[PDB]
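Listed below, chain by chain, are the residues.
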Amino acid sequence: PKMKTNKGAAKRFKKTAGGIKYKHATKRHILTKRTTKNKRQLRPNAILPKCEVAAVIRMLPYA
Amino acid sequence: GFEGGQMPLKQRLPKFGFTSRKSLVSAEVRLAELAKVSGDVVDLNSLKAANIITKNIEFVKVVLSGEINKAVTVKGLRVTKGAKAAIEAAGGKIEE
Amino acid sequence: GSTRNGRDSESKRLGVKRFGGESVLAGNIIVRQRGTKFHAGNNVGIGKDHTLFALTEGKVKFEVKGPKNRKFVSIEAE
Amino acid sequence: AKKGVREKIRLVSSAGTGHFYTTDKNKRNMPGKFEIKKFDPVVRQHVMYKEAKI
Amino acid sequence: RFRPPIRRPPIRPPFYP
RNA sequence: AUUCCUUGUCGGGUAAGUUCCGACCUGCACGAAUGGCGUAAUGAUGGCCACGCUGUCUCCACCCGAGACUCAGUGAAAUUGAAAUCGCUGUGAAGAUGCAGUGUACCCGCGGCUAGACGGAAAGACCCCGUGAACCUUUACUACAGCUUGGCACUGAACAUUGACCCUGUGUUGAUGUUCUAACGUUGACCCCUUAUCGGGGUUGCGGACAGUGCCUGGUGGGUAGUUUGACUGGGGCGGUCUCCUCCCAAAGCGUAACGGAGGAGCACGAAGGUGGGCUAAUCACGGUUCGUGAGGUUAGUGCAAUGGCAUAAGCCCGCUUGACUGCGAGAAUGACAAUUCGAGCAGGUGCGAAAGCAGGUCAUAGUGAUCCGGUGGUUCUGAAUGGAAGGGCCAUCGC
RNA sequence: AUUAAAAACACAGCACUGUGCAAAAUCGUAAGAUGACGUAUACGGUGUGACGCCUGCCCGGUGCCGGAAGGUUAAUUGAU
RNA sequence: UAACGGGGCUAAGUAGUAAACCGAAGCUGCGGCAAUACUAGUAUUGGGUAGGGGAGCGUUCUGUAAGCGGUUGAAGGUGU
RNA sequence: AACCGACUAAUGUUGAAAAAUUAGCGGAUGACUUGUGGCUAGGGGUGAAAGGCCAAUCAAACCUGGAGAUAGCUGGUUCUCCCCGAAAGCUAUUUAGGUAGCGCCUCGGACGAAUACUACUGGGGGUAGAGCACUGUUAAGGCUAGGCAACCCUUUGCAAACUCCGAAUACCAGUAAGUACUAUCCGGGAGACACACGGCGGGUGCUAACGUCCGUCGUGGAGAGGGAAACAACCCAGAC
RNA sequence: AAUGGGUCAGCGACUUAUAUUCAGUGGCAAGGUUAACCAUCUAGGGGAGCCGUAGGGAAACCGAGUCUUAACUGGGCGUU
RNA sequence: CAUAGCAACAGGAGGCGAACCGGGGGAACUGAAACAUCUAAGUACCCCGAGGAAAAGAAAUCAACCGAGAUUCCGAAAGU
């Protein structure tokens, strides 16, 4: 059949020219105790490390 | 995506964003593609006829990629400042 | 028939990260330490965790200085 | 086990920006509502902020 | 010490099924 | 038929009795219909004793038959990597026909025996493991049947009492009780279909808006069903442990295991944070109803473990404060990754300081929890005819 | 049935309990059945187990039975 | 026997000195093959499980093939 | 006695027999036994109750179908040559005999000395050793507060969690020669994540174990040849 | 002295479809390619579509830039 | 009275068949590396009813301010 996309992966990993882009973890709750520095630096989306990519690509066959 | 039962990467990382509906019926057009259009008027129908946009497209942005060598009147579509310049430089108009 | 022990923390990878003579860029962490085992000398800042880092480009120099004979990390202009 | 008793609070800008800092207090040591000058980023000014719940 | 083993099935040949 | 210690102790029986019988009572851990204690008779019932009896035995002997053995005919079987298939000592995946050394040994049957071939047989039933199975249990979880509760329907009428509401006593509804009959019930009687203890119809009696059933609903619910019931582990269980910090093990960079040796954390603090100014311990000696002087030199202190630090104190006191700032961030540290750490400098706005300056919490290293779902505020980015809105997003934050 | 014949099961007797007859109970979605062409001296369940002497204390728990005052509480209703 | 591998040894033991020799798939010699570099020759290289990579053999079937071989003997079988 | 049964023993156990025979044994007018025909059916029946029996089968019959259930387990996996060649680790895991990323292998591409070895130079050490200055611990004597003896003094030892000291090595960096297709980066493909012994440094254990857990190096694994009688893991040495 | 095989002969295990990706090879090339279907049917029609030709951003949207922020000395990703 | 009932007569039907079709009922293993939502799957299976096909079908449909014009089947949009 046609490969199905893992919609979990799709909703968390977006392909750009610069690689698979993702939202950092640990910015959902329990933030009072965290530093504004730490919270600030997590706010920008990031590109996945090389080791994380192969899987994601197998989960995102059309992306 | 299975990692031996450790919380996988596709779950330890948060979901983010949404899809606009407009995105699904929008299409960028390169300035070089405007060559393929037959006739002066570059509109949604003429783009569709040239197969430059699919028939479900509703909103088009022309972008500065390549060169325009003919005078075209772009009606109805959005153009980039750079593309506008290039259109106007090749004796085109940008209608509203 | 058991041990009250068992426990230990994760090793904190402390120590000299750039030794004497090493060329460092401004910002480069030189020493990671607990307290001032090494003090900050010229062109060296000290973080909240007493991390010594290069304020300027140059070469790391260790040096005993002062009446207490304390060790100092400096960046030498080179 | 958890021994933590300091209540979390939201300090809210005295400007109507609705910007809030969060923190915690010992409710015994500080019965009243906490007030403290803090930079509000929306109005880009240091203004009084006052305690509120959550 | 000697711990009495269970080396064989409780039903013995020729019936052992 | 219960007693662990235990062969309890005493008595009987025997030459000698862990059994038996009687009895004692410190009943580990009898006990009154899961009956207690008796009890004639009964039992292919359990225990023990005696007489008789004996090849049960001392300890076998002989004999009669059926096999075994031989001839003639028929003709299986499990098993089987291949075999030119010895002993011993040693070696060796650790119990050797097969290796080493050595000793012994002409080739081949037949009758016998079973020490070895870890002989044959059955992919160990023991034990463990598998995020296997089954069936069983229950105050494991989640359901369901059944049972049951109320609402509504099928389901109506009069009054009487009463509640609410309505107006000006009056209606409109709601209960509650009585009465009633016309729905409904009848597994009462009689008639007919009809030669029928079914059924239907008719008549009548007794009930009667009850019962009963449907839908909804609470309860009950091992009756039934689907399932879950962690891992490490010097087998497994039991116990202990599971994350984080400090030291040691750790072999003078980093890192480094054990159910190795030792301790701590799961916070605190609106000052115990920022900054300016100031200050400097412990403990003794000696004199005084804490005080003074000297010695001493941090042996003190550090909100809380340990370690590394700390006098320019990071320790101690005070004034003023909110930098326990918002956006960012050269450049590094450290991780499989998620994440974690340090950071000059820039912009904005700020506090302390005369000023250079210092300040993005705290001497530092523990004080913690991904994602999903959802909550609150903001933004007004999206939002399916359009305009809104809901709902998404983004930002802040809360809920393990 | 084919490694257990027994001290196990049953048993007469005993007791508790349910059951008023369209009985309880059971089989069945239901109709219909059994119960029973029986009717509390009957029928069902539970335990005990000829017979003799007897069968103590405890109703906190958990059942079951009864009581309803109050508290809590569903559908429903729909005030604000 | 069974604690030199045995025979056996008073050196065939132990320590030492001198000069020999034996001893491997090590090195060398001679012949050959291969991989990879270089410029056919050089140089290096060629133990190997899991595994990766490279190059082939043979089988059946289709085309080539109404061609080619075959009762003057095909396939198969069995020798050389 | 028949008949029904099945208490003991022996035989038999590739039987005469998938439960019997022989000698004995129990019931034998009863809750008896037997023939024929009926009925009850699988979470169902039936059970004087053994989880017994329901066609030599039963803690859920048998047949067919779903169905090639699923099987992180075991077995097995078929021609030839050439080149290279692991791992038995870390991290995580209802994970521990599985799996994932990383480490290690291979193939392609990029890149080219940035790499390895050595000399020299610059570093930080707190280990071995040693020492007793600290913290502990220890002996003798002195001196003496105190009530025999602190505290000090002299002498004398001990330390993984003591240090006034302090190597060799190792590591980091630089400079430089020579040797080497090294290092690095991006892709395709893996396998492995049970390790073993030996040396050295240790923990644990008895400085027991062919014990156990780490560090590091070697060999085995995946390695033939010679030696060590025989002997994976020792010695020598790498088989076109 | 762990497993399996008494022997022989025969048969007996990485497939097929579809999709994604990487590589080799060929065609064409800033283009490449058609699907169903039609068809006098391996031709030829058929341009729906897909991939490439632009990225950034959650998004609107902007666009060789964009996102972040009040704004970056900036910084992320991209440009070539 | 009538109706029920009863009889006569006429016309139908019944059973079988591999699949396809519409409808009534409807699992579980399995996957989720456990499992209950979920999956498997409205599948298997049982039943009923067809027909040469069946079903569906002629907008109280879409669309988006432009428009389209029943149903069915096939290619894309899109693993969006």
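Listed as the method for this PDB entry is cryo-EM; the listed resolution is 2.70 Å.

Under the PDB entry, the name given to chain C is 50S ribosomal protein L27, and the organism recorded is Vibrio natriegens. In the PDB, the structure is listed with the title "Cryo-EM structure of the Vibrio natrigens 50S ribosomal subunit in complex with the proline-rich antimicrobial peptide Bac5(1-17)". Regarding chain C, the UniProt comment filed under Sequence similarities (unreviewed entry) reads as follows: "Belongs to the bacterial ribosomal protein bL27 family."

Named according to the PDB entry, chain B is 50S ribosomal protein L15 originating from Vibrio natriegens. Per UniProt, chain B has the following entry under Function (unreviewed entry): "Binds to the 23S rRNA."

Q: Can you help me understand the overall build of chain B in this one?
A: If you tally the helices and strands in chain B, you get three helices and six strands. Listing every helix and strand of chain B by position from the N terminus yields α-β-β-α-β-β-β-α-β. Since a compact globule built from 96 residues should have a radius of gyration of about 12 Å, the 19 Å found for chain B marks it as more spread out than a globular shape. Taken over 96 residues, chain B has a buried fraction of 35%. Sequence-distant contacts, at least 24 apart, represent 46% of the contacts inside chain B between residues at least 6 apart. When the accessible surface of chain B is summed, it comes to about 6,000 Å², and 51% of that surface belongs to carbon and sulfur atoms. Measuring between centres, the 16 positive side-chain charges of chain B sit 7 Å from its 10 negative side-chain charges.

Q: Looking at this structure, I do not really get the arrangement of the chains. What am I missing?
A: Among the two pairs of chains that make contact, the interface with the largest number of contacts is formed by chains A and B. The closest approach of any C-alpha atom in chain A to one in chain E is 50 Å; the two make no contact. There is a clear gap between chain C and chain E: no contact, and 21 Å between their nearest C-alpha atoms.

Q: Hey, could you run me through the protein's contact with RNA strand F in this one?
A: Close to RNA strand F lie 102 residues; B:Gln11, C:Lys12, C:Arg70, D:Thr23 and D:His46 are nearest. A share of 68% of the atoms of RNA strand F within 4 Å of the protein falls on sugar and phosphate groups. C:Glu10 places a main-chain nitrogen or oxygen 2.8 Å from a phosphate oxygen of RNA strand F. Here the surface near RNA strand F is composed, by residue class, of 31 nonpolar, 32 polar and 39 charged.

Q: Help me out: how do you make sense of the sheet that holds strand β4 (residues 45-52) of chain D in this one?
A: Each strand in a sheet pairs with another by means of backbone hydrogen bonds, the pair being arranged parallel or else antiparallel. Residue and element names in this part refer to chain D. Strand order in the open sheet formed by four strands is β2-β1-β4-β3, with antiparallel pairing between adjacent strands. Lying at the two open borders of the sheet, with one neighbouring strand each, are β2 (20-25) and β3 (35-40). Across the sheet, the mean angle from the axis of one strand to that of its neighbour is 40°, orientation sign disregarded. Of the pairings in the sheet, the one linking strand β1 (residues 7-13) to β4 comprises four bridges and is antiparallel in character. Pairing of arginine 10 across the sheet is with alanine 52, part of β4.

Q: Hey, could you run me through unusual backbone geometry in this one?
A: Only a minority of non-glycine residues have a phi that is not negative, and only a minority of peptide bonds are not trans. Along the chain, E:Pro13 connects to E:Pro14 via a cis peptide bond; the corresponding omega equals 15°. In this model, A:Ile30 sits at a positive phi of 60°, which is unusual for a non-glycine residue. Within the secondary structure, A:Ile30 is located in the loop between β2 (19-22) and α2 (36-42). In this structure A:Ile30 comes out as exposed when scored by relative accessible area, which is 51%.

Q: Teacher, can you tell me more about the interface of chain A and chain B here?
A: Interface extent is often summarised as the accessible area lost during association of the parts. If you look at the interface, chain A gives 19 residues, while chain B gives nine residues. Of the roughly 1,300 Å² buried at the junction of chain A and chain B (both faces included), carbon and sulfur atoms supply 67%. If one sorts the elements of the side of chain A that touches chain B by residue count, helix α3 (residues 50-59) of chain A sits on top with four residues. Its residues assigned to classes, the side of chain A that touches chain B comprises eight nonpolar, four polar and seven charged.

Q: Looking at this structure, how should I read the environment of B:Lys84?
A: All names here are of chain B. For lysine 84, the position within the fold is in helix α3 (residues 81-89). Separated by 10 residues in the primary sequence, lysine 84 and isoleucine 94 have C-alpha atoms spaced 7.0 Å apart. The contact partners of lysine 84, leaving out residues within four places of it in the chain, are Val79 and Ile94.

Q: Got a minute to help me understand α3(B) in this structure?
A: It helps to recall that an α-helix has 3.6 residues per turn; residues three or four apart then point in one direction. Residue and element names in this part refer to chain B. Among all positions in α3, only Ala83, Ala86 and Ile87 are buried. End-on, the buried residues of α3 take up no more than an arc of 100°, which puts them together on one face. Counted as exposed and oriented over 90 degrees from the buried face of α3: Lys81 and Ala89. Elements in contact with the buried residues of α3: β3 (59-63), β4 (73-74), β5 (78-79) and β6 (93-94). Positive phi appears at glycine 91, one or two residues downstream of α3, with a value of about 80°.

Q: Please clarify how the layout of surface pockets should be interpreted in this entry.
A: It is the rolling of a water-molecule-sized probe over the atoms that shows where space remains empty. For the largest pocket, the calculated volume is near 320 Å³. If you go around the largest pocket, the residues you meet are A:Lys27, A:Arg28, A:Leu31, A:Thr32, A:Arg34, A:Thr36, A:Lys39, A:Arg40, A:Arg43, D:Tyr21 and D:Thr22. Residue assignment for the lining of the largest pocket shows that the elements contributing at least two residues are α2 of chain A together with β2 of chain D. Looking at the lining of the largest pocket element by element, the count peaks at three residues for α2(A). Looking at the second largest pocket, its volume works out to about 260 Å³. Lining the second largest pocket are A:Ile30, A:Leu31, A:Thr32, A:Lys33, D:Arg6, D:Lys8, D:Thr22, D:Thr23, D:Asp24 and D:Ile54. Looking at which element gives the most residues to the lining of the second largest pocket, the answer is β2(D), with three residues. Its residues assigned to classes, the lining of the second largest pocket shows three nonpolar, three polar and four charged.

Definitions and limits used
Residues numbered from 1 in each chain as written, not as in the entry; some residues may be left out. Chains lettered and ligands numbered in written order. Part of a larger assembly, values for the part shown. Heavy atoms only, no water. UniProt positions renumbered as here; feature names shortened; annotations may be inferred. Helix = DSSP H or I, 4+ residues; strand = E, 2+ residues; numbered from the N terminus. Rg over C-alpha atoms; globule rule 2.2 N^0.38 Å. Buried < 20%, exposed > 50% of the residue type's maximum accessible area, 1.4 Å probe, protein only. Contact = heavy atoms within 4.5 Å. Areas by Shrake-Rupley, 256 points an atom, 1.4 Å probe, with all protein chains shown as cover. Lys, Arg positive; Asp, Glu negative; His and termini not counted. Charge placed at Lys NZ, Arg CZ, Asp CG, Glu CD. Near = heavy atom within 4 Å. Polar contact = N/O pair within 3.5 Å; in protein donor to acceptor, adjacent residues only side chain to side chain. Nonpolar A, V, L, I, M, F, W, Y, C, P; charged D, E, K, R; others polar. Pairing = 2+ DSSP bridges. Axes fitted to C-alpha atoms, helices over the stretch in contact; angles between N-to-C directions. Buried area = accessible area lost by both parts, 1.4 Å probe. Arc of directions from axis to C-beta. 1 Å grid on protein atoms, 1.4 Å probe; cavity = no way out; pocket = protein on both sides within 12 Å on 5 of 7 lines; lining within 4 Å. Points joined across faces, edges and corners; volume = space filled by probe spheres on them.

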